[PDB]
Each structure stands twice: as structure tokens, then as C-alpha cells.
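Below you'll find the structure, written out as C-alpha cells, and then a few comments.
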Amino acid sequence: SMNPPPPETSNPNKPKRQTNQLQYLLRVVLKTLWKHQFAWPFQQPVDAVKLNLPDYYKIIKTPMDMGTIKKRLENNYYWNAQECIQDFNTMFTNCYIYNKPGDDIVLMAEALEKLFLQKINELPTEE
């Protein structure tokens, strides 16, 4: 069995910014979700080999996870906050697409998403 290459976290020719919204996405949003008791399934790319999910990457073609997001934020990969918000939403959506309603991992995603939405609701104004 085989995993795909992970999403890109480094690309020297991608233009980059460090903005107050992106700082909030790291300091408040990522940190809040990362420390949660339900974070662990989402802290790294889905390992379809270890988890015995041979169809995962047949179904999920835009993988995303908080390990990748953390690396992107720490390495100033983004130009804007919308790119990062999209990554979180991709992560949640993948979970809901692949799994069955009411599965433990879906409940976990929902709890993290609730917090995500509460924090993004107060995304600061651009400086």
C-alpha cells in the first residue's frame, strides 16, 4: 500500500506575507484546535497504510491536515488568510466526505469545526 506525497509546505517562488490575520490564524485558530482532546486524527496527513484505508486517496483528491497547516503558517507559506481558512475547510470536508455520519472521527471534526467557526468569526480587521 502507498500514501501520496504530502501537500506542499515550502515553495520559494510562491509569494508570501506575514499579516495580522495570518498571525491570528496561527496564534489563536491553529493553537486552539491543536491542543484539543480531539485533535490527534488531524495533526498529520492521513496515513492510509497504517490506518488500513486503501481507498482513502481514491476518494480524497485534495488532502489537508493541521500538521500541514501548522507548517504552512510557521513557514509563512500563505499570501492571505483566505488560503489558510480554505485549508481548514478542506480538512473538515474531507473527513465528512470519506467517513460515515456519526462516526467518531466525524464527531471529532465537528467539535473542532465549531471552535474554528467561533474563532474565524472574530478574525481581526487587516492592519
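The figures here come from the full heavy-atom set of this structure, side chains too, leaving out hydrogens, waters and symmetry mates. Position 1 is the first residue of the sequence, and the numbers go up from there.
In this structure, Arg17 CZ and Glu83 CD are separated by 9.0 Å, a value rounded to the nearest 0.5 Å. Rounding to the nearest 0.5 Å places OG1 of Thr32 at 11.0 Å from CG of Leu25. Expressed to the nearest 0.5 Å, how far CH2 of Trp34 lies from CG of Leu112 amounts to 11.5 Å. For the atom pair CD1 of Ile59 and CD1 of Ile97, the computed distance is 9.5 Å after rounding to the nearest 0.5 Å.
Across all their heavy atoms, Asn75 and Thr9 have their closest contact at CB-O, 4.3 Å. When all heavy atoms of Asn3 and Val46 are compared, the pair lying nearest together is OD1-O, 3.7 Å. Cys84 approaches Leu22 most closely through the heavy-atom pair CB-CD2, 4.2 Å. Closest non-hydrogen pair, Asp103 versus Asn99, comes out as OD2-CB, 3.7 Å.
Side-chain atoms of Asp55 and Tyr98 form a donor-acceptor pair, as typed in the model, at a separation below 3.5 Å.
With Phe92 as the partner, the side chain to side chain contact (heavy atoms under 4.5 Å, CB included) test is satisfied by one option alone out of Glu110, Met64, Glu113: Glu113. A side-chain hydrogen bond (donor to acceptor under 3.5 Å, both in side chains) with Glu74 is found for exactly one of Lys70, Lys71, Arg72, namely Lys70.
When the shell of 6.0 Å around NZ of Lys114 is examined, it contains 12 or fewer heavy atoms from other residues, nucleotides or ligands. Crowding of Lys58 atom NZ: a count of heavy atoms from other residues, nucleotides or ligands under 6.0 Å not exceeding 12.
Proximity of a side-chain donor or acceptor of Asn20 to a complementary backbone N or O of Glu127 within less than 3.5 Å is detected. With hydrogens and angles ignored, the 3.5 Å screen pairs a side-chain donor or acceptor of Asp65 with a backbone N or O of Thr68. Put simply, the side chain of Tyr57 never gets that close to the backbone of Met2: no donor and acceptor are under 3.5 Å apart. A donor-acceptor pair under 3.5 Å links the side-chain atoms of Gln21 to the main chain of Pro124, judged by distance alone.
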Is there a side-chain hydrogen bond (donor to acceptor under 3.5 Å, both in side chains) between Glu8 and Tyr77? Walk through the geometry before answering. CA-CA 9 Å; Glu8 183 174 275; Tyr77 176 83; 2.6 Å; yes
